[PDB]
Amino acid sequence: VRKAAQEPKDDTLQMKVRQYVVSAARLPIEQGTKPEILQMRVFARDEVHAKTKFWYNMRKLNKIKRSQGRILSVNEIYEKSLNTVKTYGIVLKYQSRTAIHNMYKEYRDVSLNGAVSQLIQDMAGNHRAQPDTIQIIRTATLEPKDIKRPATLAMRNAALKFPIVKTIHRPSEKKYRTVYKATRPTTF
RNA sequence: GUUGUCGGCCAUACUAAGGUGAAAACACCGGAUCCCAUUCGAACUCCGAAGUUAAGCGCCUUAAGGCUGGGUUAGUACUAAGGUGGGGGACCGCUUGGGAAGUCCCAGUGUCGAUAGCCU
Ligand SMILES: [Mg+2]
Ligand SMILES: [Mg+2]
């Protein structure tokens, strides 16, 4: 249980993804040289986890292995303003029992970390995806001209109203909990 | 720079068609009385010195074949450890380690000697 600072006060409401930048270099490590540095953006729940994500992708993308290189640094990135709602696009590859797939997904959230967490839960529930399998190709905070999904564009209007049609009874604290009460609740 | 003699490694030395050839050697070359030799002096053996680089041989030539070394191939195939991982299964994949080979590329193409010499 280690929180990143930009996570909510209630741990419940969001997953423990954080967004990392990791960068490393070919091991020989020649001093005065101007090294090729390999840098990548990973989403993980740890520094360790991030390192893994890093290396996996890196050994797939290029010749390098870990005994062949060194980790220069791992730096968590944060979201600018948690005051506004943004529409995020994400581009994925994941692995389904048959084959591998490229998906584009959109979520309306306050954080790119939130965008990701929601992405994972969704991908589990609807697609039975395994986290380890998921590869996020590219992520963009979306400009309105660019938002393509109906359940996304669905929420743009000021005239938005939800009645709350059914209120399921939920006592305020536990101190108030009773199995059986002397009269029936209401919905509304 | 070049030669014979005996060589270690045994193609980067082999194969094919060519150019070139100071000197000295090596050879091709001349000849069968003698030791030796065969169906045959071809060869093997012996004795030589009229010719000759034409052979052998040195050195090089080929968008040459081969061989040698790297590149791609490819972090692919295969593989070590873990898995109350997925899949009806065949099988696939997650975490931590090792990691190849042919097509196609590019380069190389004999090296190390002891001994006596040629180039005054
Ligand atoms: Mg070869
Ligand atoms: Mg293959």
# chains A, B, ... in the order shown; residues from 1 in each chain; ligands from 1
>>> interface_residues(of="chain B", to="chain A", cutoff="10 Å", atoms="only C-alpha atoms (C1' of nucleotides)", output="PyMOL selection string")
chain B and resi 74-75+85-87+92-95+97
>>> write_last_selection(atoms="N, CA, C and O atoms (P, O5', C5', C4', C3', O3' and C1' of nucleotides)", output="PDB file, in the first residue's frame")
ATOM      1  P     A B  74      13.758 -12.868 -37.981  1.00  0.00           P
ATOM      2  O5'   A B  74      14.303 -11.699 -37.036  1.00  0.00           O
ATOM      3  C5'   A B  74      13.615 -11.340 -35.844  1.00  0.00           C
ATOM      4  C4'   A B  74      14.568 -11.150 -34.701  1.00  0.00           C
ATOM      5  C3'   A B  74      15.615 -10.062 -34.908  1.00  0.00           C
ATOM      6  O3'   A B  74      15.830  -9.389 -33.680  1.00  0.00           O
ATOM      7  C1'   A B  74      16.686 -12.101 -34.440  1.00  0.00           C
ATOM      8  P     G B  75      14.784  -8.287 -33.186  1.00  0.00           P
ATOM      9  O5'   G B  75      15.314  -7.942 -31.720  1.00  0.00           O
ATOM     10  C5'   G B  75      14.728  -8.547 -30.570  1.00  0.00           C
ATOM     11  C4'   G B  75      14.905 -10.045 -30.581  1.00  0.00           C
ATOM     12  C3'   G B  75      13.996 -10.825 -29.621  1.00  0.00           C
ATOM     13  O3'   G B  75      13.693 -12.109 -30.201  1.00  0.00           O
ATOM     14  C1'   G B  75      16.234 -11.263 -29.087  1.00  0.00           C
ATOM     15  P     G B  85      -3.076 -18.969 -10.314  1.00  0.00           P
ATOM     16  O5'   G B  85      -2.266 -19.744 -11.436  1.00  0.00           O
ATOM     17  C5'   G B  85      -2.926 -20.184 -12.604  1.00  0.00           C
ATOM     18  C4'   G B  85      -2.956 -19.111 -13.657  1.00  0.00           C
ATOM     19  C3'   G B  85      -3.885 -19.372 -14.835  1.00  0.00           C
ATOM     20  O3'   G B  85      -5.203 -18.891 -14.602  1.00  0.00           O
ATOM     21  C1'   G B  85      -1.718 -18.818 -15.626  1.00  0.00           C
ATOM     22  P     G B  86      -6.482 -19.788 -14.996  1.00  0.00           P
ATOM     23  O5'   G B  86      -6.649 -19.505 -16.550  1.00  0.00           O
ATOM     24  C5'   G B  86      -6.974 -18.208 -17.010  1.00  0.00           C
ATOM     25  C4'   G B  86      -6.837 -18.104 -18.501  1.00  0.00           C
ATOM     26  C3'   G B  86      -7.616 -19.125 -19.302  1.00  0.00           C
ATOM     27  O3'   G B  86      -8.956 -18.733 -19.503  1.00  0.00           O
ATOM     28  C1'   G B  86      -5.398 -18.984 -20.113  1.00  0.00           C
ATOM     29  P     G B  87     -10.132 -19.813 -19.416  1.00  0.00           P
ATOM     30  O5'   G B  87      -9.781 -20.806 -20.620  1.00  0.00           O
ATOM     31  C5'   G B  87      -9.967 -20.398 -21.968  1.00  0.00           C
ATOM     32  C4'   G B  87      -9.547 -21.460 -22.955  1.00  0.00           C
ATOM     33  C3'   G B  87     -10.055 -22.871 -22.709  1.00  0.00           C
ATOM     34  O3'   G B  87     -11.416 -23.050 -23.071  1.00  0.00           O
ATOM     35  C1'   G B  87      -7.761 -22.955 -23.234  1.00  0.00           C
ATOM     36  P     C B  92       2.673 -23.749 -28.817  1.00  0.00           P
ATOM     37  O5'   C B  92       1.965 -22.455 -28.183  1.00  0.00           O
ATOM     38  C5'   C B  92       1.411 -21.442 -29.021  1.00  0.00           C
ATOM     39  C4'   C B  92       0.560 -20.462 -28.244  1.00  0.00           C
ATOM     40  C3'   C B  92       1.301 -19.531 -27.291  1.00  0.00           C
ATOM     41  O3'   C B  92       1.893 -18.417 -27.946  1.00  0.00           O
ATOM     42  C1'   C B  92      -0.546 -20.464 -26.177  1.00  0.00           C
ATOM     43  P     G B  93       3.261 -17.768 -27.386  1.00  0.00           P
ATOM     44  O5'   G B  93       2.778 -17.009 -26.064  1.00  0.00           O
ATOM     45  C5'   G B  93       2.109 -15.747 -26.117  1.00  0.00           C
ATOM     46  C4'   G B  93       1.433 -15.438 -24.795  1.00  0.00           C
ATOM     47  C3'   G B  93       2.370 -15.057 -23.636  1.00  0.00           C
ATOM     48  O3'   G B  93       2.522 -13.647 -23.503  1.00  0.00           O
ATOM     49  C1'   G B  93       1.047 -16.930 -23.019  1.00  0.00           C
ATOM     50  P     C B  94       3.848 -13.016 -22.834  1.00  0.00           P
ATOM     51  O5'   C B  94       3.536 -13.096 -21.282  1.00  0.00           O
ATOM     52  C5'   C B  94       2.531 -12.290 -20.703  1.00  0.00           C
ATOM     53  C4'   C B  94       2.608 -12.333 -19.207  1.00  0.00           C
ATOM     54  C3'   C B  94       4.005 -12.199 -18.615  1.00  0.00           C
ATOM     55  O3'   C B  94       4.430 -10.853 -18.512  1.00  0.00           O
ATOM     56  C1'   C B  94       2.932 -14.046 -17.642  1.00  0.00           C
ATOM     57  P     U B  95       5.982 -10.499 -18.251  1.00  0.00           P
ATOM     58  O5'   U B  95       6.288 -11.229 -16.880  1.00  0.00           O
ATOM     59  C5'   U B  95       6.108 -10.548 -15.644  1.00  0.00           C
ATOM     60  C4'   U B  95       6.986 -11.132 -14.570  1.00  0.00           C
ATOM     61  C3'   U B  95       8.464 -11.236 -14.915  1.00  0.00           C
ATOM     62  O3'   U B  95       9.169 -10.021 -14.727  1.00  0.00           O
ATOM     63  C1'   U B  95       7.730 -13.311 -14.075  1.00  0.00           C
ATOM     64  P     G B  97      16.041 -10.778 -15.394  1.00  0.00           P
ATOM     65  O5'   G B  97      17.062 -11.991 -15.424  1.00  0.00           O
ATOM     66  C5'   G B  97      16.903 -13.020 -16.381  1.00  0.00           C
ATOM     67  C4'   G B  97      18.001 -14.048 -16.302  1.00  0.00           C
ATOM     68  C3'   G B  97      18.769 -14.278 -17.604  1.00  0.00           C
ATOM     69  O3'   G B  97      19.898 -13.434 -17.748  1.00  0.00           O
ATOM     70  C1'   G B  97      17.837 -16.308 -16.921  1.00  0.00           C
TER      71        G B  97
END
>>> closest_atom_pairs(of="chain B", to="ligand 1", cutoff="10 Å", atoms="only C-alpha atoms (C1' of nucleotides) and all ligand atoms", output="tab-separated table")
residue	atom	partner	partner_atom_place_in_ligand_line	distance
B:67	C1'	ligand 1	1 (Mg)	8.8
B:68	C1'	ligand 1	1 (Mg)	7.8
B:69	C1'	ligand 1	1 (Mg)	7.8
B:70	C1'	ligand 1	1 (Mg)	9.2
>>> residues_near_ligand(ligand="ligand 2", cutoff="8 Å", atoms="only C-alpha atoms (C1' of nucleotides) and all ligand atoms", output="PDB file with C-alpha atoms (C1' of nucleotides), in the first residue's frame")
ATOM      1  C1'   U B  73      18.152 -13.361 -39.913  1.00  0.00           C
ATOM      2  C1'   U B  76      12.901 -14.985 -34.164  1.00  0.00           C
ATOM      3  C1'   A B  77      13.407 -21.057 -33.190  1.00  0.00           C
TER       4        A B  77
END
>>> select_by_dssp(residues="region 14-156 of chain A", states="alpha helix (DSSP H)", output="PyMOL selection string")
chain A and resi 47-61+112-125+150-153
>>> write_last_selection(atoms="N, CA and C atoms", output="compact mmCIF listing (two decimals), in the first residue's frame")
# COMPACT_ATOMS: atom_id res chain seq x y z
N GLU A 47 7.78 0.96 -9.22
CA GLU A 47 8.99 1.29 -9.92
C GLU A 47 9.46 -0.03 -10.51
N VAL A 48 9.43 -1.08 -9.69
CA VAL A 48 9.87 -2.39 -10.15
C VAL A 48 9.03 -2.77 -11.36
N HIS A 49 7.71 -2.73 -11.17
CA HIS A 49 6.78 -3.10 -12.22
C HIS A 49 7.10 -2.32 -13.49
N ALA A 50 7.35 -1.03 -13.32
CA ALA A 50 7.64 -0.16 -14.44
C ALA A 50 8.89 -0.65 -15.16
N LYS A 51 9.87 -1.07 -14.38
CA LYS A 51 11.13 -1.52 -14.95
C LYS A 51 10.85 -2.72 -15.81
N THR A 52 10.06 -3.63 -15.27
CA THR A 52 9.69 -4.81 -16.04
C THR A 52 9.06 -4.38 -17.36
N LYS A 53 7.98 -3.61 -17.28
CA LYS A 53 7.26 -3.18 -18.48
C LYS A 53 8.27 -2.65 -19.48
N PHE A 54 9.11 -1.76 -18.98
CA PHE A 54 10.19 -1.18 -19.76
C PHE A 54 10.94 -2.25 -20.54
N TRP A 55 11.60 -3.13 -19.80
CA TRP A 55 12.51 -4.08 -20.40
C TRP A 55 11.81 -4.98 -21.39
N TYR A 56 10.65 -5.52 -21.01
CA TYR A 56 9.86 -6.31 -21.93
C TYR A 56 9.80 -5.56 -23.26
N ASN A 57 9.11 -4.42 -23.26
CA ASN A 57 9.01 -3.67 -24.49
C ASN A 57 10.35 -3.42 -25.16
N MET A 58 11.40 -3.23 -24.39
CA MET A 58 12.68 -2.83 -24.96
C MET A 58 13.35 -3.98 -25.69
N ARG A 59 13.24 -5.18 -25.13
CA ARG A 59 13.85 -6.35 -25.73
C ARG A 59 13.02 -6.77 -26.93
N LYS A 60 11.73 -6.46 -26.92
CA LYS A 60 10.93 -6.72 -28.13
C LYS A 60 11.31 -5.75 -29.26
N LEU A 61 11.51 -4.48 -28.89
CA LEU A 61 11.74 -3.39 -29.85
C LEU A 61 13.18 -3.35 -30.38
N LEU A 112 -4.98 10.93 -16.53
CA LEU A 112 -4.57 9.93 -17.50
C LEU A 112 -4.37 8.62 -16.78
N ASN A 113 -3.94 8.70 -15.53
CA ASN A 113 -3.91 7.51 -14.69
C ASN A 113 -5.32 6.93 -14.55
N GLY A 114 -6.31 7.79 -14.30
CA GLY A 114 -7.71 7.39 -14.25
C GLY A 114 -8.15 6.77 -15.57
N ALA A 115 -7.78 7.42 -16.67
CA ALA A 115 -8.09 6.91 -18.00
C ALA A 115 -7.60 5.47 -18.10
N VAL A 116 -6.35 5.25 -17.71
CA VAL A 116 -5.78 3.91 -17.73
C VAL A 116 -6.51 2.92 -16.80
N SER A 117 -6.64 3.24 -15.52
CA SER A 117 -7.34 2.38 -14.57
C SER A 117 -8.69 1.96 -15.10
N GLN A 118 -9.49 2.92 -15.53
CA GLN A 118 -10.78 2.61 -16.14
C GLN A 118 -10.59 1.68 -17.34
N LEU A 119 -9.57 1.94 -18.15
CA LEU A 119 -9.28 1.11 -19.31
C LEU A 119 -9.05 -0.35 -18.93
N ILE A 120 -8.28 -0.57 -17.87
CA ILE A 120 -7.99 -1.91 -17.40
C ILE A 120 -9.24 -2.60 -16.90
N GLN A 121 -9.96 -1.97 -15.98
CA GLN A 121 -11.18 -2.60 -15.50
C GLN A 121 -12.08 -2.97 -16.66
N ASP A 122 -12.26 -2.05 -17.59
CA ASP A 122 -13.12 -2.31 -18.73
C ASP A 122 -12.61 -3.53 -19.48
N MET A 123 -11.34 -3.47 -19.87
CA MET A 123 -10.74 -4.53 -20.64
C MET A 123 -10.83 -5.91 -19.97
N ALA A 124 -10.79 -5.93 -18.64
CA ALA A 124 -11.02 -7.17 -17.91
C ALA A 124 -12.48 -7.61 -18.10
N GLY A 125 -13.41 -6.74 -17.72
CA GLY A 125 -14.81 -7.12 -17.71
C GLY A 125 -15.39 -7.47 -19.06
N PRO A 150 -19.09 7.26 -29.11
CA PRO A 150 -20.47 7.70 -28.85
C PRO A 150 -20.76 7.84 -27.37
N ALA A 151 -20.20 6.97 -26.54
CA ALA A 151 -20.44 7.02 -25.10
C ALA A 151 -19.61 8.14 -24.47
N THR A 152 -18.67 8.66 -25.25
CA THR A 152 -17.87 9.83 -24.90
C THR A 152 -18.62 11.14 -25.29
N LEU A 153 -18.86 11.30 -26.59
CA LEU A 153 -19.62 12.43 -27.12
C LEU A 153 -21.01 12.50 -26.52
>>> residues_around(residues="region 13-26 of chain A", least_positions_apart="5", cutoff="7 Å", atoms="only C-alpha atoms (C1' of nucleotides)", output="PyMOL selection string")
chain A and resi 35-45+50+54+68-77+113-114+117
>>> residues_around(residues="residue 111 (chain B)", least_positions_apart="3", cutoff="10 Å", atoms="only C-alpha atoms (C1' of nucleotides)", output="PDB file with C-alpha atoms (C1' of nucleotides), in the first residue's frame")
ATOM      1  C1'   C B   9      49.453 -24.969 -38.852  1.00  0.00           C
ATOM      2  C1'   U B  12      42.093 -16.960 -46.466  1.00  0.00           C
ATOM      3  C1'   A B  13      46.338 -22.271 -49.455  1.00  0.00           C
TER       4        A B  13
END
>>> decode(residues="region 7-23 of chain B", atoms="N, CA, C and O atoms (P, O5', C5', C4', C3', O3' and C1' of nucleotides)", output="PDB file, in the first residue's frame")
ATOM      1  P     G B   7      59.871 -32.852 -44.918  1.00  0.00           P
ATOM      2  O5'   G B   7      59.460 -31.306 -44.887  1.00  0.00           O
ATOM      3  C5'   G B   7      58.253 -30.880 -44.281  1.00  0.00           C
ATOM      4  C4'   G B   7      58.515 -30.088 -43.023  1.00  0.00           C
ATOM      5  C3'   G B   7      57.281 -29.586 -42.285  1.00  0.00           C
ATOM      6  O3'   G B   7      56.659 -30.575 -41.478  1.00  0.00           O
ATOM      7  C1'   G B   7      58.817 -27.812 -42.502  1.00  0.00           C
ATOM      8  P     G B   8      55.080 -30.478 -41.136  1.00  0.00           P
ATOM      9  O5'   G B   8      55.026 -29.306 -40.065  1.00  0.00           O
ATOM     10  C5'   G B   8      55.448 -29.517 -38.725  1.00  0.00           C
ATOM     11  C4'   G B   8      54.774 -28.548 -37.805  1.00  0.00           C
ATOM     12  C3'   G B   8      53.267 -28.447 -37.979  1.00  0.00           C
ATOM     13  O3'   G B   8      52.561 -29.445 -37.260  1.00  0.00           O
ATOM     14  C1'   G B   8      54.189 -26.290 -38.081  1.00  0.00           C
ATOM     15  P     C B   9      51.176 -30.035 -37.833  1.00  0.00           P
ATOM     16  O5'   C B   9      50.350 -28.709 -38.191  1.00  0.00           O
ATOM     17  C5'   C B   9      49.232 -28.316 -37.405  1.00  0.00           C
ATOM     18  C4'   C B   9      48.898 -26.838 -37.544  1.00  0.00           C
ATOM     19  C3'   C B   9      47.701 -26.491 -38.416  1.00  0.00           C
ATOM     20  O3'   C B   9      46.458 -26.787 -37.806  1.00  0.00           O
ATOM     21  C1'   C B   9      49.453 -24.969 -38.852  1.00  0.00           C
ATOM     22  P     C B  10      45.666 -28.143 -38.196  1.00  0.00           P
ATOM     23  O5'   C B  10      45.507 -28.033 -39.788  1.00  0.00           O
ATOM     24  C5'   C B  10      44.307 -27.543 -40.386  1.00  0.00           C
ATOM     25  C4'   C B  10      44.573 -26.970 -41.754  1.00  0.00           C
ATOM     26  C3'   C B  10      44.102 -27.816 -42.938  1.00  0.00           C
ATOM     27  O3'   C B  10      43.734 -26.939 -44.004  1.00  0.00           O
ATOM     28  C1'   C B  10      46.452 -27.549 -43.049  1.00  0.00           C
ATOM     29  P     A B  11      42.185 -26.555 -44.248  1.00  0.00           P
ATOM     30  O5'   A B  11      42.228 -25.767 -45.643  1.00  0.00           O
ATOM     31  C5'   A B  11      43.336 -24.936 -45.988  1.00  0.00           C
ATOM     32  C4'   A B  11      42.940 -23.865 -46.978  1.00  0.00           C
ATOM     33  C3'   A B  11      41.677 -23.080 -46.624  1.00  0.00           C
ATOM     34  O3'   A B  11      41.943 -21.971 -45.771  1.00  0.00           O
ATOM     35  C1'   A B  11      41.492 -23.893 -48.827  1.00  0.00           C
ATOM     36  P     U B  12      40.782 -21.334 -44.859  1.00  0.00           P
ATOM     37  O5'   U B  12      40.610 -19.875 -45.464  1.00  0.00           O
ATOM     38  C5'   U B  12      40.058 -19.680 -46.761  1.00  0.00           C
ATOM     39  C4'   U B  12      40.795 -18.604 -47.521  1.00  0.00           C
ATOM     40  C3'   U B  12      42.266 -18.898 -47.803  1.00  0.00           C
ATOM     41  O3'   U B  12      42.645 -18.267 -49.037  1.00  0.00           O
ATOM     42  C1'   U B  12      42.093 -16.960 -46.466  1.00  0.00           C
ATOM     43  P     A B  13      42.503 -19.045 -50.461  1.00  0.00           P
ATOM     44  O5'   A B  13      43.774 -19.997 -50.456  1.00  0.00           O
ATOM     45  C5'   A B  13      44.510 -20.234 -51.644  1.00  0.00           C
ATOM     46  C4'   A B  13      45.707 -21.104 -51.379  1.00  0.00           C
ATOM     47  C3'   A B  13      45.498 -22.600 -51.638  1.00  0.00           C
ATOM     48  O3'   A B  13      46.630 -23.120 -52.315  1.00  0.00           O
ATOM     49  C1'   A B  13      46.338 -22.271 -49.455  1.00  0.00           C
ATOM     50  P     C B  14      46.519 -23.505 -53.869  1.00  0.00           P
ATOM     51  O5'   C B  14      45.143 -24.293 -53.933  1.00  0.00           O
ATOM     52  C5'   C B  14      45.040 -25.602 -53.403  1.00  0.00           C
ATOM     53  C4'   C B  14      43.658 -26.149 -53.589  1.00  0.00           C
ATOM     54  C3'   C B  14      43.072 -25.994 -54.981  1.00  0.00           C
ATOM     55  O3'   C B  14      43.539 -26.968 -55.888  1.00  0.00           O
ATOM     56  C1'   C B  14      41.463 -25.363 -53.370  1.00  0.00           C
ATOM     57  P     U B  15      43.921 -26.547 -57.388  1.00  0.00           P
ATOM     58  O5'   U B  15      42.495 -26.371 -58.083  1.00  0.00           O
ATOM     59  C5'   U B  15      41.545 -27.431 -58.092  1.00  0.00           C
ATOM     60  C4'   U B  15      40.236 -26.971 -58.668  1.00  0.00           C
ATOM     61  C3'   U B  15      40.343 -26.201 -59.970  1.00  0.00           C
ATOM     62  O3'   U B  15      40.458 -27.046 -61.102  1.00  0.00           O
ATOM     63  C1'   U B  15      38.959 -25.004 -58.474  1.00  0.00           C
ATOM     64  P     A B  16      41.465 -26.653 -62.293  1.00  0.00           P
ATOM     65  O5'   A B  16      40.632 -25.557 -63.101  1.00  0.00           O
ATOM     66  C5'   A B  16      39.289 -25.811 -63.503  1.00  0.00           C
ATOM     67  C4'   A B  16      38.654 -24.583 -64.100  1.00  0.00           C
ATOM     68  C3'   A B  16      39.541 -23.766 -65.023  1.00  0.00           C
ATOM     69  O3'   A B  16      39.624 -24.322 -66.328  1.00  0.00           O
ATOM     70  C1'   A B  16      38.391 -22.327 -63.528  1.00  0.00           C
ATOM     71  P     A B  17      41.021 -24.326 -67.140  1.00  0.00           P
ATOM     72  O5'   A B  17      40.966 -22.934 -67.921  1.00  0.00           O
ATOM     73  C5'   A B  17      39.833 -22.577 -68.709  1.00  0.00           C
ATOM     74  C4'   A B  17      39.772 -21.082 -68.948  1.00  0.00           C
ATOM     75  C3'   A B  17      41.095 -20.407 -69.269  1.00  0.00           C
ATOM     76  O3'   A B  17      41.496 -20.559 -70.629  1.00  0.00           O
ATOM     77  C1'   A B  17      40.012 -19.181 -67.586  1.00  0.00           C
ATOM     78  P     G B  18      42.997 -20.167 -71.073  1.00  0.00           P
ATOM     79  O5'   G B  18      43.137 -18.684 -70.508  1.00  0.00           O
ATOM     80  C5'   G B  18      44.345 -17.957 -70.633  1.00  0.00           C
ATOM     81  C4'   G B  18      44.158 -16.526 -70.195  1.00  0.00           C
ATOM     82  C3'   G B  18      45.433 -15.717 -69.988  1.00  0.00           C
ATOM     83  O3'   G B  18      45.965 -15.189 -71.198  1.00  0.00           O
ATOM     84  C1'   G B  18      44.035 -15.457 -68.109  1.00  0.00           C
ATOM     85  P     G B  19      47.564 -15.163 -71.458  1.00  0.00           P
ATOM     86  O5'   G B  19      48.039 -13.890 -70.623  1.00  0.00           O
ATOM     87  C5'   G B  19      47.484 -12.602 -70.863  1.00  0.00           C
ATOM     88  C4'   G B  19      48.052 -11.573 -69.917  1.00  0.00           C
ATOM     89  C3'   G B  19      49.560 -11.622 -69.717  1.00  0.00           C
ATOM     90  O3'   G B  19      50.281 -10.975 -70.747  1.00  0.00           O
ATOM     91  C1'   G B  19      48.514 -11.528 -67.615  1.00  0.00           C
ATOM     92  P     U B  20      51.701 -11.562 -71.229  1.00  0.00           P
ATOM     93  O5'   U B  20      52.650 -11.243 -69.991  1.00  0.00           O
ATOM     94  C5'   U B  20      52.711  -9.938 -69.447  1.00  0.00           C
ATOM     95  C4'   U B  20      53.353  -9.947 -68.091  1.00  0.00           C
ATOM     96  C3'   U B  20      54.661 -10.709 -67.987  1.00  0.00           C
ATOM     97  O3'   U B  20      55.767  -9.979 -68.480  1.00  0.00           O
ATOM     98  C1'   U B  20      53.274 -11.320 -66.193  1.00  0.00           C
ATOM     99  P     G B  21      56.997 -10.744 -69.172  1.00  0.00           P
ATOM    100  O5'   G B  21      57.788 -11.343 -67.932  1.00  0.00           O
ATOM    101  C5'   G B  21      57.905 -10.620 -66.710  1.00  0.00           C
ATOM    102  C4'   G B  21      58.713 -11.394 -65.703  1.00  0.00           C
ATOM    103  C3'   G B  21      59.939 -12.094 -66.288  1.00  0.00           C
ATOM    104  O3'   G B  21      60.990 -12.138 -65.329  1.00  0.00           O
ATOM    105  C1'   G B  21      58.478 -13.707 -65.361  1.00  0.00           C
ATOM    106  P     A B  22      62.508 -12.347 -65.823  1.00  0.00           P
ATOM    107  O5'   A B  22      63.208 -10.997 -65.340  1.00  0.00           O
ATOM    108  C5'   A B  22      64.048 -10.242 -66.210  1.00  0.00           C
ATOM    109  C4'   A B  22      65.279  -9.748 -65.485  1.00  0.00           C
ATOM    110  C3'   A B  22      66.202 -10.837 -64.935  1.00  0.00           C
ATOM    111  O3'   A B  22      67.148 -11.304 -65.898  1.00  0.00           O
ATOM    112  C1'   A B  22      65.689  -9.295 -63.208  1.00  0.00           C
ATOM    113  P     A B  23      67.646 -12.848 -65.902  1.00  0.00           P
ATOM    114  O5'   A B  23      68.555 -12.929 -64.598  1.00  0.00           O
ATOM    115  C5'   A B  23      69.644 -12.037 -64.406  1.00  0.00           C
ATOM    116  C4'   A B  23      70.155 -12.116 -62.995  1.00  0.00           C
ATOM    117  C3'   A B  23      70.380 -13.528 -62.472  1.00  0.00           C
ATOM    118  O3'   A B  23      71.664 -14.024 -62.785  1.00  0.00           O
ATOM    119  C1'   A B  23      69.049 -12.325 -60.938  1.00  0.00           C
TER     120        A B  23
END
